[PDB]
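What follows is a short report on a single structure.
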Amino acid sequence: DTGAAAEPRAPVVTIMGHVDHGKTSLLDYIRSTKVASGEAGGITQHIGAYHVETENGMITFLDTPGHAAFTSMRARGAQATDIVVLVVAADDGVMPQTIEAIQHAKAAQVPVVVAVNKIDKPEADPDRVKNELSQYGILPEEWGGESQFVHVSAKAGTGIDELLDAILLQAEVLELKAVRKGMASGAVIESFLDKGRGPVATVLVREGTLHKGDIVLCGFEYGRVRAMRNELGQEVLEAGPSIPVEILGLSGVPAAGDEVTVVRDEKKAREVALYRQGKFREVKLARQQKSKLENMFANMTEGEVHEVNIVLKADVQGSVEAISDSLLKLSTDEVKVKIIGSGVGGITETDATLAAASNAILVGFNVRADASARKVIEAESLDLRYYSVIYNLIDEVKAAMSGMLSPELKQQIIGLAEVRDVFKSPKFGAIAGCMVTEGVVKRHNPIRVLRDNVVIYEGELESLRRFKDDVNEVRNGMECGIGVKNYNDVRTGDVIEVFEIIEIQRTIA
Amino acid sequence: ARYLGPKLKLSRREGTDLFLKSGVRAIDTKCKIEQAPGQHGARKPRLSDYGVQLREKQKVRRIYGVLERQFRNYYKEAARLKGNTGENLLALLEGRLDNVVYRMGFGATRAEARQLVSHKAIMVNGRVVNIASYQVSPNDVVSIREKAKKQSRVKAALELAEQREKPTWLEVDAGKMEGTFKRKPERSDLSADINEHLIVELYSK
Amino acid sequence: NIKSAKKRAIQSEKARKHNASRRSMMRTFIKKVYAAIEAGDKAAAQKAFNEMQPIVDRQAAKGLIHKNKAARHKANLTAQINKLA
RNA sequence: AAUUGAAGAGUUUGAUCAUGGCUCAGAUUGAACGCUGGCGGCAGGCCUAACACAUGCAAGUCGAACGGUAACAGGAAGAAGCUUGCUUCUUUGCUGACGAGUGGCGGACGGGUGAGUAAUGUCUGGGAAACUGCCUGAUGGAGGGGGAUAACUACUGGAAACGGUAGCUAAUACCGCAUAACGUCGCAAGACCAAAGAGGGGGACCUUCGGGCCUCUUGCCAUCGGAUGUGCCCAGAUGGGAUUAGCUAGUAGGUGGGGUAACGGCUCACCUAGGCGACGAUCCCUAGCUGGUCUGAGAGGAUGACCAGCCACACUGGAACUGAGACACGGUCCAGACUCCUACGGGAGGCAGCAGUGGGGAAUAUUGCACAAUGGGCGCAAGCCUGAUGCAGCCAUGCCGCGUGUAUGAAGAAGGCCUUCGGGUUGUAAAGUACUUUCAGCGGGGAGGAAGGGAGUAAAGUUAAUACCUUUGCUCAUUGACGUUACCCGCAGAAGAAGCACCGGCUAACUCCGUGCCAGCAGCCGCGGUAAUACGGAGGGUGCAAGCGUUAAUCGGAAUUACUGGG
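Residue numbers (my numbering), protein chains in the order written: chain A, 1021 to 1529; chain B, 321 to 525; chain C, 26 to 110.
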């Protein structure tokens, strides 16, 4: 605490959890705002922070999905906050997805309080949940070391009064003393791009009083703050020690899930940023060196090469880094899928230019095209998708890879034929009279001319003649003639095997 | 700005001293005078027509203590003047304040003279002047200031001030620490030391 | 639009409707003068000339029909009638 | 005081002399990149998408033109609870005022941009048939009346924007009449056209005791003039192309009617049949121009951001109104593209103003401060407004100043490097000693940009009026945005502050080691296939400096399109 006049901060609280465990609903019930979990994708596909309207005190809440792509994002929502609350259903048991979200709470060493969240439902059992989490090192209630359990209903929507008291009680039992009159610091929740207001970021400030004129350094981002904007109330001039506030007017997009610190002077925070650009060039040269020594090759070792390229822009910068990792996860060896040029925010002229240069699918999350992208798209209409849900995206990249995949495998006989009585012809050299002994003979298929397990001669069925005329097909028990260009090699009693080849089209999984 | 290196390395390269030491010793002893300016430098006296032009340019600049851009500014200024361009060049080079301080002997070396003009000790016509490249004009009284006059810095200079050159293009006192610039330096004061008819040619190569 | 010149917007319209009404009466009278000139009744032409002179200078002093135009009208419409008379 | 101005080298051959291209040394830039960077002064800083834009701000102003209380600040009367003489609360335009509104003037200026535009434009020099706000000098009037209407009230439709129905009410708004030459139209006689009041103070007469009326200031109106401003016309000059050679129906001319502020095919009707064209018409491509800047010995060439003059444009396309002046950058209408809001019915927008953002591109900046100063808009002044302007922020971009110590110091220290291993060099450099402390760092002091304006006094002028007001003096209060100003004084202690290219020839500056025709260098001719002065590295050396180098760009050199000045 820099100003030494410290007083308890209002509490920063995070929530993790999944698949409508009241999971959106609980926050909306606590804010009393009646969003009513009505938003796209069932439950949310990205992080958010909300400072809330409550009594006796005030509290801030953070929420992210815990789903399979969001591993760093749910870690970044965990690692900053004062208190973590972990939602669990009352229906029956605890999911394998939930104990992983417990692990992100334990690995970040935060004290935890929990709630049974659907107890008014008729087939609910809170005691079952209590016993099943008494099989794990989650600090269970009473039988274990007591992370306190609360029994309330968020899926149906019935208070929750007790949970609000419990969250306050843990924050009162904790020591939250914080500078209210000194200097400002904090972390960036989620960052995005506005096309009238510039690159922006929602930043939670840990240390109080971010002022109107302050110089800020967040990672490789710098600036003097022009204005501060919030969803609880639009116009912010001097901030608290526990609240998210949008900042606007910066050089690029500041990274989500890391530290903003106010600084002495603007000139020095150019020099630090240019040192951090040098550090990003050290991380650039690290990622350049790694790919060559991992498998010798620049890209693919074996000759059966297939790849897919994608060009990706998410609206939120925390999202772009997390879901791009999940699109490189799903790949097989045979068809390799790779990102080229990950963007943040709206599609632009140069983004469409990269997928025009080297073939790739151009996708954007809630992101859509703008006029200078449209200019490239109307010229060359590349694969252009602005999207709905990430699961369908993970399905359509897999579908693209599956279409990319090499297609055929099956080799099976159509017919077997025996040769007798050679003739000579200027069309093909020799003409082997044949009698088809088994199966069907068709005009163009591969053939194997064999005697006693050696292939005497090799080819594709060239001429199918019956009696005196070339014909499309012939079936067993029938006189035939055949000759192939540069065939002069007839031995009577040799056998032709004509064979069908059948495609299968493999599908990546 | 200033050179900031071994003084004698210039003196061996240029081929005589620039008076960057006291004169007690070291024009014949500590110096290796013209013997070799660098490690292989024993083994050559041959030179080109560009090199004899550049060497006298460098000699004059290393005497007066000025950089190529500033020295070019003096050459351009000498060019617009009526009367001889080489003569007005050498007049502009001689016309410096730190040079008049060196002529008065208030600074023993040209570098100590520039230190003395820098450190706020000098007054011209009762104005103080920190700028080294001030120019001293006809009927300019010049002096070291009354407040902290004649310190150990100036006092050490005044002994070798008593008997070196002491010529007439300044009036010299050095009792109360002053001087008066009446006549300009003229051609016969400083020619033949420098190939001036050559130096004025060189910028049209 | 954005600034308080919504006042100047209503000011020009009202004056326009005022001036247009006087200009309308001015022209209908000048054509009913030129009717008599086309008719060739020199007395009814001069009577109509004696009708227009006050009104043409009166609009000229108001200024909407304008001074040197008004004088050129009285000159021009003179030159036909004092051929006819 | 004003003519002091012009260089060549390398390279075709076995060698030479010619011809002749190519290449370099120069200067310069609204620059970028690379590497490196201490402080200060001054100048300059989107040349890409005339691509699109969030949020804030960019011209309003007069109560001394007018109804008015919507303000809200006092006062008074009165009605009232008392503090008992005052507080309190309803009235009241009484009074300092002043929103919405009415009327007048300003909004047509400044600012930004270079799309279109090859001349209709621009520049220079001339001209005739013209108007010209405000602003000044001159000569005279400023008489007498009338009708509306918004605001505002009472109803009423709307999500919102934005309205509807009916009465009432004023004016320097609006409309009649009188009055009218020196003015307009006419040959003349004649006909006809204007008005507005407002404000300050005051003896006398008197007043429906409101002011009549006097006197001062100012505004209103007509006319002859001024200077200014703008329109108009003509000549010459002002990009490129002949693989653009034929081009013109309102075209070219006349007459008459009509039209503009005014000349005028300006536009009609009618008549005639011409006009332009090798001195480059027409068409196409391409472009804002000049005073100038840059280069150049000059002659010339390139270039037209900065700065100023002029022109043109203001989401795309077109038209008109208002007004002195616009066919109007932040006015209007309509049409179009496109963008947004919404209760979904219906509504809203034009940052090439200043900031600022997306996009573009190699690449060009702070969502700052103030009307303190200058210059504007309105006003009588106060005053208010002023993103013009004055300033600051950011950037080694350019120009320029200065520092990063000075003197002594041989045992010519060690180390490094070379070394015929004799020594040489790096190098008086370091080290050491003796000194100085600029500019920074820190603590103290302090110009000018401020002249004015305001208020109070006096004189003088004025007047029926010691009035009353202005002018002209005096005196007293004051008036600094930048601003921790420029600038000065005091202290500690060499402390905080040097890098970059290049070294075969050109071209100033040389060896050793490694690699071995590989890896690489190259602006040019060229270097390297184990002893590389040309690669990599080191040592040494040279140039230049808070910059250095490369690249791109233009002129130069190039008498290499040759007038000066060629074959």
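Ideal Cβ placement from N, Cα and C applies to all residues, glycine included.
Per-residue DSSP class, three states only, for residue i
| i | result |
| --- | --- |
| B:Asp337 | coil |
| B:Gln435 | helix |
| residue 528 of chain B | Because chain B is modelled from 321 through 525, residue 528 of chain B falls outside the range shown and cannot be assessed. |
| C:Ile35 | helix |
| A:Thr1034 | strand |
| A:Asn1506 | coil |
| A:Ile1451 | strand |
| A:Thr1512 | coil |
| A:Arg1486 | strand |
| A:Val1236 | strand |
| B:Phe426 | coil |
| B:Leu330 | helix |
| B:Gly371 | helix |
Extent of the continuous beta strand (DSSP E) to which residue i belongs
| i | result |
| --- | --- |
| A:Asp1415 | No beta strand (DSSP E) holds A:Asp1415; the alpha helix (DSSP H) holding it covers 1410 to 1424. |
| A:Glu1438 | 1428 to 1439 |
| A:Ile1103 | 1103 to 1108 |
| A:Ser1445 | 1443 to 1445 |
| A:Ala1207 | 1205 to 1214 |
For residue i: DSSP bridge partner residues
| i | result |
| --- | --- |
| B:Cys351 | In the DSSP output, where bridge partners are listed per residue, B:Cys351 has none listed. |
| A:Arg1249 | A:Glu1255, A:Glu1266 |
| A:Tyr1406 | A:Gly1384 |
| B:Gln455 | B:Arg416 |
| B:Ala494 | Its beta-bridge partners do not exist; DSSP assigns none. |
| B:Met443 | B:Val448, B:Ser463 |
| A:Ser1351 | A:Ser1351 pairs with nothing; no bridge assigned. |
| A:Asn1329 | A:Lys1358 |
| A:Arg1468 | A:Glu1478, A:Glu1517 |
| A:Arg1094 | Paired residues: none, contrary to the question. |
| A:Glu1493 | A:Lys1462 |
Where the alpha helix (DSSP H) through residue i begins and ends
| i | result |
| --- | --- |
| A:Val1149 | 1146 to 1152 |
| C:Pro79 | 67 to 87 |
| A:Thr1370 | 1369 to 1377 |
| C:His98 | 92 to 109 |
| A:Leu1188 | 1181 to 1193 |
| A:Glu1398 | 1391 to 1399 |
Cβ separation of residue i and residue j, assumed to be a contact under 8 Å, to the nearest whole Å
| i | j | result |
| --- | --- | --- |
| A:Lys1462 | A:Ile1522 | Actually they do not touch by this definition, with Cβ atoms about 13 Å apart. |
| A:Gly1269 | A:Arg1096 | About 24 Å separates the two Cβ atoms, so there is no contact after all. |
| C:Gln71 | C:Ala110 | 6 Å |
Contact between the stretch 472 to 480 of chain B and the stretch 423 to 434 of chain B (3+ Cβ pairs under 8 Å): yes
Is the stretch 1163 to 1176 of chain A touching the stretch 1133 to 1143 of chain A in the sense that three or more CB pairs, one from each, lie closer than 8 Å? yes
Hey, is the stretch 1467 to 1483 of chain A in contact with the stretch 1410 to 1427 of chain A, meaning 3+ C-beta pairs nearer than 8 Å? no
Answer yes if the stretch 430 to 447 of chain B comes into contact with the stretch 386 to 397 of chain B, meaning at least three C-beta pairs across the two stretches below 8 Å, and no otherwise. no
Taking 8 Å as the cut-off, does the stretch 408 to 416 of chain B touch the stretch 450 to 470 of chain B (at least 3 CB pairs, one atom from each stretch)? yes
The stretch 1110 to 1123 of chain A / the stretch 1153 to 1171 of chain A touching (three or more Cβ pairs under 8 Å): yes
Contact between the stretch 1195 to 1210 of chain A and the stretch 1221 to 1230 of chain A is defined here as three or more beta-carbon pairs at a separation below 8 Å; is this criterion met? yes
Touch test, the stretch 1363 to 1371 of chain A against the stretch 1328 to 1336 of chain A, Cβ-Cβ under 8 Å, three pairs minimum: yes
With a cut-off of 8 Å, do at least 3 Cβ pairs link the stretch 1255 to 1266 of chain A to the stretch 1068 to 1077 of chain A? yes
Check whether the stretch 1447 to 1457 of chain A touches the stretch 1490 to 1497 of chain A, taking contact to mean three or more Cβ pairs, one atom from each stretch, closer than 8 Å. yes
Any contact between the stretch 1025 to 1044 of chain A and the stretch 1080 to 1097 of chain A? By contact I mean 3 or more CB pairs, one from each, below 8 Å. yes
Assess, as a yes-or-no matter, whether the stretch 500 to 511 of chain B is touched by the stretch 371 to 385 of chain B under the definition of 3 or more beta carbon pairs within less than 8 Å. no
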